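Chain naming follows the written order as A, B, C, D, E, F, G, H, I, J, K and L, and within any one chain the residues start at number 1.
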Amino acid sequence: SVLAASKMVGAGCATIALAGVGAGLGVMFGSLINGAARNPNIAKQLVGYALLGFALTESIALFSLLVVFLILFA
Amino acid sequence: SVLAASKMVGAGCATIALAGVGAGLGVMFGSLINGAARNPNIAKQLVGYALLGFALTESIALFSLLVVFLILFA
Amino acid sequence: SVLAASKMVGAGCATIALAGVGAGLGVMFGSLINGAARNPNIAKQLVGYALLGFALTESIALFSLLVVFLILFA
Amino acid sequence: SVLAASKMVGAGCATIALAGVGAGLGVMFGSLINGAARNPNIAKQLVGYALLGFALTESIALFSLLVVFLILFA
Amino acid sequence: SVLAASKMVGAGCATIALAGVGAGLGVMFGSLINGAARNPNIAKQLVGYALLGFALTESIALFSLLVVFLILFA
Amino acid sequence: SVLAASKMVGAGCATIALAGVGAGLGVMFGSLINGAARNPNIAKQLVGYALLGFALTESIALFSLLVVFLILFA
Amino acid sequence: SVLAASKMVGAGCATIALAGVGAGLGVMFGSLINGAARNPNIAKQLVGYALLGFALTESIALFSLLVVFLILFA
Amino acid sequence: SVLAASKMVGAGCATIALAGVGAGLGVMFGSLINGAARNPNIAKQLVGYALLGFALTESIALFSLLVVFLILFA
Amino acid sequence: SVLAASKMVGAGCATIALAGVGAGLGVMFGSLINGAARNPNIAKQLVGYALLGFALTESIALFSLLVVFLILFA
Amino acid sequence: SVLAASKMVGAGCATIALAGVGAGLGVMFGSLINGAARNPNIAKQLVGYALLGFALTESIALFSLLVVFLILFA
Amino acid sequence: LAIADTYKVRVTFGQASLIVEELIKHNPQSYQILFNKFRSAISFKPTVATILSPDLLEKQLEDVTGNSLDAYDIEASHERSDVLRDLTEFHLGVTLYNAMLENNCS
Amino acid sequence: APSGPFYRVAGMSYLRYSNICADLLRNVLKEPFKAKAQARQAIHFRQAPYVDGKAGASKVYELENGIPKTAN
């Protein structure tokens, strides 16, 4: 059927948001390394900010996987 | 039905705005880590600057998910 | 009804334009964090520049949403 | 009516130029913040440079809106 | 009307290069602010270089609009 | 046969998310190299930070491969 | 008339290569303004490097334009 | 034959993740050159990080080629 | 002729690979301007390095152009 | 000839992965020029890391030439 | 604090650096140096030399409708505060070395 | 506790770090020049903190190879 074929190609075109989310995680976790090299004694506060911003940017990896699930299973 | 099929495949590629929102989020929180490594005395102000930036760059994510809400369910 | 079908895939491709607006907002607020960490005394004028830049990239976000409104409901 | 249906997907695929326009505006208005943080003595000059760059990039945005309106309504 | 439909899909795909031209113009007009903040004494020479680079960069925006108007009206 | 065929082009557009994961991984490992050249005494801590970031941004690659192997095999 | 319709969308995809030369041109012409702000004494040597670089990346733009004209008219 | 065509389309649409993999490799080796120019005594200690990051960014290239071989021959 | 119809779209999507070489050459010839502004006495060596990088980055452009010609003329 | 037609648009969509390796080795050779301007005493040493990174990033270009030379003939 | 036997063999910069470091053991907002400037063999003008401590006072005295230090592009590894800390310590060491050479010759 | 470059996080002032680098440059000079550069390396003084105005403990310096590389 075309009704499920469109679901599968739309969910395939819907996970392209994860490319930009992974690029954001990569630049942010690289800045964690650079910031821990800059101010080495406050490194654990920087990993705290790293995990905070990780949980705040994964929310739209989860806001695109939600749209993927609504395409395939709703 | 091609109408629901097009409503599926359109809202499929509609959520690629979250790619750029994730890249911008990762860059902003990476600069939060970097700026907290530069001037760590003002990190309590810098995180409040990041959460204004977080809530102001997630308005784009809200504006994209509103269109996915208006394509899937309207 | 192919006309009512293609209006969905058009607006879905049209909302890919919010990706770069989100990435620009993220770069701008990351630079707001870095500029506040550089010069903390002038940090309240830099917020007045960040809100101006947010309002002027929101203009591009509203133009993308106006194209979506003009090809979804017209 | 494949013509007026194809106009919608053509205009929606056309207006993805506003992604790069918004990202350019975000880089420019972030550089305004980082340039007013270097020396806030010339920030009233740098904001004029920033608005000049805003207008000369809204030239690009205006060309994209004009090709979208020429796809749709001509 | 298969031809006149694809002359409006192909004109929509053609103006995605204005994204890259707008992103380059934003990078250049942000670098004008970053260079005019370091030494404002030669800020007019830097504005001359920005308007040289702006004309030479919007040349390619005119190229993309040329291929657009070569697809639509030729 | 369009249901058995559309999942192939769905999984084709679905592993585009591994582009930004690889880009962020290269950015983060390059920041590891840079931060270990800035401050070589913290090198073995920065390598552990790089592996933390590597795992947490490979999480996005696994979330994309989940939908790839879901559409390829639901 | 599916070849004549197909070469329109082929030429439309063929000029997304101008986004890259627009972004690279803006990066290089922003480096011109930065380097002429740094060392203004060799600014008329840096313009000679900028025009050499502009030639060698608009050669990529004309590679893309040759393929566009080869698709449309040959 | 529609499946035999879509299996060939999907691999080519799938292998665009190697773009982001090559971009990450280029960024990582460029920062390797910068790090060897900063601290040349640990140049052989930084090639040990660059080859680690190269082999760990090739994991994403192999995971994309895995999906390519699963579309083509499975 | 649907073979020769998809031939044009294959060449047109294949010459999107020039976007990356046009951006990479822009980053290279911008870094040449920045490196000539930092150390002007070894400028004529850096032009040798930039033309070497241009000849090795043209390799990717001509590798894309050869398979554009193999789609078109083979 | 749906297989023979689709195997060229798949090859064209496969060629786009050379864009990311071009934009990767562009920033790699740009950082080669940057690092040779950083210290010219080891500028003949950085050409070795530049050639190493060029070959290791053209490994990805050959991985994309593998699939574009495989799905055109096998 | 009392420093003595400075002039026994000769005055080096490392000696004035150690004296300046013992002045770094205290953390003041300014340093005043009183010494006789060797203008000629008959005239020795007494000189007060002032060294402003970096982020405590040095940025504050230059904050003249903006700053007088914003024109300089800091090409250091870390921020302007640390380059001003190092510059103030180096300026104190140089002023102290020159002060106890001027005073010794006068 | 501190933050900054590798000397400022090691409890070393910039004067001691620069004098350490200058001593290490003086050590590798030619013998017409290293013997002359031996002269500008000797540290000879003594300090004594005066907490009352009459007395205090003393610390002398009789160094010939330069500034102390170890922390004091």
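Here is the rule we use: a contact is a pair of C-beta atoms (placed from the backbone, for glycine too) under 8 Å apart; a residue touches a chain by one contact, two chains touch by 3 or more.
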Higher-contact pair (C-beta pairs counted), A-L versus H-J: H-J
Most distant chain from subunit C, judged by the mean position of its C-alpha atoms: L
Centre distance in Å when subunit E and subunit J are each reduced to the mean of their C-alpha atoms: 26
Geometric centre distance via CA averages, subunit L-subunit H, whole Å: 52
Euclidean distance of C-alpha centroids - subunit H vs subunit K, Å: 55
Two or more partner chains touched - positions in subunit H: 2, 5-6, 9-13, 16-27, 29-32, 34, 36, 38, 50, 61
Multi-chain contact residues (two or more partners), subunit K: 71, 73, 77-79
Subunit L: positions in contact with at least two other chains: 3
Contact set on subunit J toward subunit H in their complex: 2-3, 5-7, 9-14, 16-32, 34-36, 38-39, 42, 45-46, 49-50, 52-53, 56-57, 60-61, 63-64, 67-68, 71
Of subunit B, residues touching subunit F in the complex: 19, 23, 26
List of subunit K residues in touch with subunit D within their complex: 65-67, 70-71, 73
Residues of subunit D defined as touching subunit K within the complex: 38-41
Residues of subunit K touching subunit L in the complex: 1-6, 8-10, 12-15, 17-22, 24, 77-78, 82, 85-86, 89-90, 93
